[PDB]
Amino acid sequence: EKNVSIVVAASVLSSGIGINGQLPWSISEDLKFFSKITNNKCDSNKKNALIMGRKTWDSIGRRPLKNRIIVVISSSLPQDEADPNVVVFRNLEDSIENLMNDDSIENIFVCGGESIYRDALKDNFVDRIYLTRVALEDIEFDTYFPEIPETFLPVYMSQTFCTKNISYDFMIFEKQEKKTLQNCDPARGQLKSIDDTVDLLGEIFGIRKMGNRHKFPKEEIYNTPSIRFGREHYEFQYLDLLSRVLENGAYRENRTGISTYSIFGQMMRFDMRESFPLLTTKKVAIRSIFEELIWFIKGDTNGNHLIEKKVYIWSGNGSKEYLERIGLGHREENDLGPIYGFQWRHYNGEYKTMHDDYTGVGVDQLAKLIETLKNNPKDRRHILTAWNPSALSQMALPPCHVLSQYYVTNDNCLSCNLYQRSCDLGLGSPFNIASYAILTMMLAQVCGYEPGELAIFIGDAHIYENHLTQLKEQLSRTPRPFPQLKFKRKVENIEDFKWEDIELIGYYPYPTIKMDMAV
């Protein structure tokens, strides 16, 4: 045999790869990738062959690629016996015989030309596809990468990387077809002895064997199942937690009338250095998120201000009937109480109403946090809490994102840890992830650092039963690279941030998915 892989970089939405004989963007890392991958070979005494259309050959500047051999497909171009590292062929099929000999040629790469790509696929000449997904879709394109035939399936999807604020992925598709079902769990299949034993041990003991209490998700509820050992994109941190409760979540009632399926004690990780964790498998209402955040930062608890800026997430838990219902009927229409923010800027403060001027009262954690963060970074007490046993009863809703800790890496990056007691994976989480990601970025700009990593530890991770068809729909969408989020100016004080100060570069999510909140 002999392998044939495609290497291409196309826009995330329309698979745009070229414009007037040029790449529609310039990302050196991707060129470096192309170089690394197409040079990568086992036999020092062999070379790899890169097949390309004549037009691409013109794009390269008709000059050979080091250590490799360029194979140009063209009807006109002369079979120049001159350069040995370059050879011409009249049709794609003929060139492919690199297999049929030139044992000097270890591997084959179809390097480009919408035409050459399309033909390679049509004649089923390719085994693999190395696809760099570039996140910029509103620019001119005149060349495209054909749709990947169904005989191909994704086996790996890298995390998102940034270059000049352009987001991008790296994922490889393999043309697998053989073999039946297969187990989605990547731990199995390593050696039958283990698999068999654990299975047997699982029959003897039942729910007694903890493993049986944490069953790996079934294919039908596992996002992009084919990527079994390469679920690198951090959106799988969420998608999997989703299918993980969908698999083990215990059906249970709660204070609202809508029951949920839940599991206890979970975690998700998110990089923030190369991208912003704004879920792509569903359009997320980032503005509302933001406006809720500064609201907290300000120490505001007047739910009208959010409504005024057309942000209604706190309407439900803020209505007259809800307050009445929870023994706060004395409270004004939207005075949510000593909730987040009040506890952030006025911890332990004696709350009256959302109208009083609490300036000076309580403990300003946010202030101290920022101060400690920049004056004693290696400090191990960079903590922010909203769980006040004394204030709970006055809150419209007990703090869900209970406590967060901050860490300053040796290389001056700011990471964040958040412990959430209760998490609505359907509505909450998406917001929650973005929110604390932003807060970290703000804290970072203000303290002179850059975003590091975001880790969230969940207590009661649940899915409201009325979100089942919706989240199933969402789990059917393959993740796209995360976008980038940047501040347009350096604020002096953390509370000066405004919506206009934010830039969401390259966000191309799937259509929004409607889901109803449980009051």
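One rule holds for the numbers: they count along the sequence shown, beginning at 1.
For the segment pair 140 to 148 and 72 to 80, the entry gives 72 to 80 the higher mean B-factor, averaged over Cα atoms.
Mean C-alpha B-factor is higher over 484 to 492 than over the other stretch, the pair under comparison being 457 to 465 and 484 to 492. Looking at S404, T409, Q237, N183, the one whose CA carries the top B-factor in the deposited record is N183.
Of the candidates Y168, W314, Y436, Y419, the PDB record gives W314 the highest C-alpha temperature factor.
Sort the chain's modelled residues by C-alpha temperature factor and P225 lands in the lowest third, per the entry. In the deposited entry, the Cα temperature factor of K309 sits in the top third of values across the chain's modelled residues.
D424 sits in the middle third of its chain by CA B factor, as recorded in the PDB entry. Split the chain's modelled residues into thirds by C-alpha temperature factor. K374 is in the highest one.
Ranked against the other modelled residues of its chain, the C-alpha B-factor of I6 as given in the entry falls in the lowest third.
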